[PDB]
Structures are given as C-alpha cells and as structure tokens.
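Novice: Here you go, one structure.
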Amino acid sequence: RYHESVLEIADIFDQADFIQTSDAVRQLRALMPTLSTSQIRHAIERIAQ
Amino acid sequence: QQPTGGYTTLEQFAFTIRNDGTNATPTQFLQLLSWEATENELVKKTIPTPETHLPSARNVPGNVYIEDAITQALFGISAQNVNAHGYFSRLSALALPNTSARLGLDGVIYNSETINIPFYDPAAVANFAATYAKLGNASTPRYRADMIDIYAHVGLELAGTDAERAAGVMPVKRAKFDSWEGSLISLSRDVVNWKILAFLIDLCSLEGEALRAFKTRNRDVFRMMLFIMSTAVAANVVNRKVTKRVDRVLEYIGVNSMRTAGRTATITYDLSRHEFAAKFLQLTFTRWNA
C-alpha cells in the first residue's frame, strides 16, 4: 500500500538555511537517462562549450 | 485662526504611519523594537544652551513653506540645500511683538490677511519662532550645534527603558526589528509627510501643568520623530536573517557616526544636513527638558 511521495525535505527541518531547491528536481532527474561517469564528462564538456 | 487647549490633539493633526501597509499611531510601531546592548555607554552630558541671538528679519518676497521644509530637511531623503537663511530670516519675523506675517495652518508664512488659510494663534507662533528661528544659525561657524554629544541624548531618550536608564547612562543598543523590505525609508516618508509645527507650536507654548500632560501625550510621537531620524546617522544597518521573516538590524542606536555617503536601507545626511539636525535637536531637547 503506497503513495510513494517526494516529501520536500524542508517539511522536516526547521532551520531552513541549508535546505534549498525542491521536489521539482526529482521530477527532472527522474527523466535524465541514468548516465555514466564518462557520459557526464561529455554532458559537462559540451555545456561549458 | 483657532486658539489652543493643546494644538495637537485636534483632528487635522494626527500622527500615523505605515506598518508595511496599515497605519498605527507611532507608539504602536516603536513597541516592535529590540535592543542587544554592547559595551560602551552613552553618558549624556549637557546641551549647550542655544545661541540666543537669532537671524535678522528680512522681508524677502514669497511664501516660505516651513513645516514642509523643516521636515524635508530633518528626515527627508536629501534636502539638496538646507540652511539658507532665506527661509528662516523670514521665519524670524513671526517672532516679533507685532507683525502681519501669519503662519498658515497648512504650514506656511503669509502677509497681512492671509485670506482663507486659517493660520495659527498669533501668540503661540510668537513663542515658537522665538527659538526655532535660531535654527537658521547652525550654518554659521560660531554657532554650529556640535552633534556627537547631542546624539548621546537622543538615545536614553529614545531607547533606554524609562527611569532605570533615564539616569544619565546606558549601553549603545544595536536595534533590530521585523521589517518589510525598504522598511526604514518607506517609514521615513510616511514621516516627511507628518505635520510637525502642530507638535512644536504646541511644545513651545503650553503653559506648565498642561505642558507635562502634553509631554506624556507625545512621548511616543516624539520618540518616533527621531528614531527614523537617528537611523539616518547610525553606522551600518543590515538585515539579520531569522526564520523567513527579516529583521532590520541597526549598527548602534545612539552613537552618531558622522557618515555622509548614501546607504540604501535608509536616509542619509549630506555633511551640512548634520550641521542642521544637530542644531535642531539641540533646541528641541533643551526645550523637552524643563
């Protein structure tokens, strides 16, 4: 029985001076096709480009 | 042309503001401040009794806007060129035993029959301009007010808990409060707008028993008068973060730092503006105390 949920971290810590961004990222990385280390060297090398 | 019984305490002359948006009579806004104490002390000294001799009354052609101008200068936002005699030489006149120049209710100076404009009692204003004309001296070399001593007073006067600290000393208190972005300045202008004269004409007149009753009534309007005013001088002002709410933090509430640049969080005195405020306080204070 699950409602697998994101629980945006901030709704756990009271001193939100570290907490940042949001559940919005899991949404996004969920899409990225899992990359390899060699793969990222490339994604980064080409962004910087 | 109405008498008194207390010039303030009469509709038209109400003192309100903006609490991020509302109003609230200043007493209500100052009860939202906090002071961390910090070494030192602000041993109040003695305001040097005023420079008795006031500027010569020069006719000059025009309508000297005085309520507005005095304040534009005290807690304005930059009064370009304050102290210029022009406005005060004229204001001096009002301080004579018999004249025409009536002090227009809205806050101005006229001639013979101002017409329409319901000026102030001719007597009240008489005692008023008596001192606040000298105010057009602060410019000249031999009459400067000598400001850092004066700010000692502003403090136990503004902060410093009643009695306890109303005993000559206290620690510079770094003041902070829950603000609302561009808080200090927005607040100052609600005050530039304020009707000062109503406060002074009453302060320089009211007999003696009534005067004290009055001191208590504007204890706060007056503290508020200079809180916004002192922050002009207080050194650094930054925002202290807390928990989503922001808290404006003020360097030192009492230690005038003689700074003249242009911050953003607040007003800023040009150099000559200190020459003016320093002097204005010398008078209100010598007077507040009696």
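Starting from 1 in every chain, residues are counted up; chains themselves are A, B, ... following the order of the structure tokens, and ligands are numbered from 1 as listed.
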Just need the residues of chain B within 12 Å of chain A, counting only C-alpha atoms, so spit them out as a list in words.
Specialist: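 Those within range of chain A come out as residues 241, 242, 243, 244 and 245 of chain B.
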Novice: What gap, in Å, lies between atom CA of residue 47 of chain B and atom CA of residue 156 of chain B?
Specialist: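 Between atom CA of residue 47 of chain B and atom CA of residue 156 of chain B the gap is 14.1 Å.
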Novice: For residue 24 of chain A, list every protein, DNA or RNA residue within 12 Å, evaluated using only C-alpha atoms, and leave out those in the same chain fewer than 6 positions away; present the list as an mmCIF file with N, CA and C atoms, in the first residue's frame.
Specialist:
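Result saved to around05.cif:
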```cif
data_model
loop_
_atom_site.group_PDB
_atom_site.id
_atom_site.type_symbol
_atom_site.label_atom_id
_atom_site.label_comp_id
_atom_site.auth_asym_id
_atom_site.auth_seq_id
_atom_site.Cartn_x
_atom_site.Cartn_y
_atom_site.Cartn_z
ATOM 1 N N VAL A 6 7.437 12.319 -2.566
ATOM 2 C CA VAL A 6 8.587 13.170 -2.519
ATOM 3 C C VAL A 6 8.987 13.817 -1.165
ATOM 4 N N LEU A 7 8.035 14.118 -0.274
ATOM 5 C CA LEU A 7 8.402 14.761 0.993
ATOM 6 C C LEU A 7 9.516 15.810 0.825
ATOM 7 N N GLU A 8 9.187 16.959 0.237
ATOM 8 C CA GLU A 8 10.160 18.033 0.023
ATOM 9 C C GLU A 8 10.866 18.305 1.345
ATOM 10 N N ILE A 9 12.087 17.793 1.464
ATOM 11 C CA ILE A 9 12.904 17.914 2.670
ATOM 12 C C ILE A 9 12.563 19.038 3.649
ATOM 13 N N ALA A 30 14.386 12.361 -12.648
ATOM 14 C CA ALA A 30 13.717 11.109 -12.887
ATOM 15 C C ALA A 30 13.839 11.003 -14.403
ATOM 16 N N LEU A 31 13.585 12.083 -15.153
ATOM 17 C CA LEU A 31 13.766 11.920 -16.639
ATOM 18 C C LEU A 31 15.167 11.671 -17.155
#
```
Novice: Could you name the residues that touch residue 198 of chain B at 9 Å or less, counting only C-alpha atoms, but leaving out those on the same chain fewer than 2 positions away, as an mmCIF file with N, CA, C and O atoms, in the first residue's frame?
Specialist:
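Wrote selection-v9.cif, looks like this:
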```
data_model
loop_
_atom_site.group_PDB
_atom_site.id
_atom_site.type_symbol
_atom_site.label_atom_id
_atom_site.label_comp_id
_atom_site.auth_asym_id
_atom_site.auth_seq_id
_atom_site.Cartn_x
_atom_site.Cartn_y
_atom_site.Cartn_z
ATOM 1 N N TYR B 7 -2.404 72.305 20.803
ATOM 2 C CA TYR B 7 -2.562 72.395 19.354
ATOM 3 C C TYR B 7 -2.761 71.056 18.702
ATOM 4 O O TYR B 7 -3.576 70.923 17.795
ATOM 5 N N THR B 8 -1.992 70.067 19.129
ATOM 6 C CA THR B 8 -2.163 68.733 18.589
ATOM 7 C C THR B 8 -3.463 68.301 19.247
ATOM 8 O O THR B 8 -4.242 69.147 19.677
ATOM 9 N N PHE B 13 -4.412 67.316 13.044
ATOM 10 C CA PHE B 13 -3.067 66.999 13.499
ATOM 11 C C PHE B 13 -2.990 65.657 14.197
ATOM 12 O O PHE B 13 -2.908 65.574 15.423
ATOM 13 N N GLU B 67 6.695 74.134 7.489
ATOM 14 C CA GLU B 67 6.506 72.846 8.112
ATOM 15 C C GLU B 67 7.207 71.844 7.201
ATOM 16 O O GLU B 67 8.155 71.089 7.595
ATOM 17 N N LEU B 105 -1.960 77.737 8.687
ATOM 18 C CA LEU B 105 -2.251 76.415 9.211
ATOM 19 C C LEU B 105 -1.558 75.266 8.488
ATOM 20 O O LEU B 105 -0.875 74.468 9.123
ATOM 21 N N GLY B 107 1.008 75.105 7.034
ATOM 22 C CA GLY B 107 2.434 75.127 7.308
ATOM 23 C C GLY B 107 3.158 76.102 6.403
ATOM 24 O O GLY B 107 4.020 75.707 5.621
ATOM 25 N N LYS B 195 2.793 66.413 10.093
ATOM 26 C CA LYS B 195 2.578 67.848 10.301
ATOM 27 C C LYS B 195 3.336 68.227 11.556
ATOM 28 O O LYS B 195 2.784 68.191 12.648
ATOM 29 N N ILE B 196 4.600 68.591 11.408
ATOM 30 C CA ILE B 196 5.409 68.923 12.566
ATOM 31 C C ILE B 196 4.973 70.109 13.401
ATOM 32 O O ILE B 196 4.652 69.933 14.571
ATOM 33 N N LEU B 200 5.435 71.311 17.536
ATOM 34 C CA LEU B 200 6.286 72.322 18.167
ATOM 35 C C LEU B 200 5.512 73.518 18.703
ATOM 36 O O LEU B 200 5.616 73.850 19.881
ATOM 37 N N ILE B 201 4.755 74.184 17.838
ATOM 38 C CA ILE B 201 3.984 75.332 18.275
ATOM 39 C C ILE B 201 3.344 74.993 19.604
ATOM 40 O O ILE B 201 3.256 75.846 20.474
ATOM 41 N N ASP B 202 2.911 73.744 19.760
ATOM 42 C CA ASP B 202 2.284 73.308 20.999
ATOM 43 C C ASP B 202 3.359 73.102 22.074
ATOM 44 O O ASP B 202 3.160 73.432 23.247
ATOM 45 N N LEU B 203 4.506 72.578 21.657
ATOM 46 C CA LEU B 203 5.635 72.312 22.552
ATOM 47 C C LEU B 203 6.271 73.582 23.098
ATOM 48 O O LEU B 203 6.737 73.603 24.232
#
```
Novice: With only C-alpha atoms as the basis for distance, which of B:212, B:261, B:121, B:40 is at the shortest distance from residue 287 of chain B?
Specialist: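 Closest residue, counting only C-alpha atoms: B:212.
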Novice: I'd like the neighbourhood of segment 269-274 of chain B as JSON, numbers by chain, where a residue qualifies if any of its atoms comes within 7 Å (using only C-alpha atoms), though same-chain residues fewer than 3 positions away should be ignored.
Specialist: {"B": [82, 232, 260, 277, 278]}
Novice: Just give me the gap between atom CA of residue 87 of chain B and atom CA of residue 64 of chain B in Å, one decimal is fine.
Specialist: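 These atoms are spaced 5.7 Å apart.
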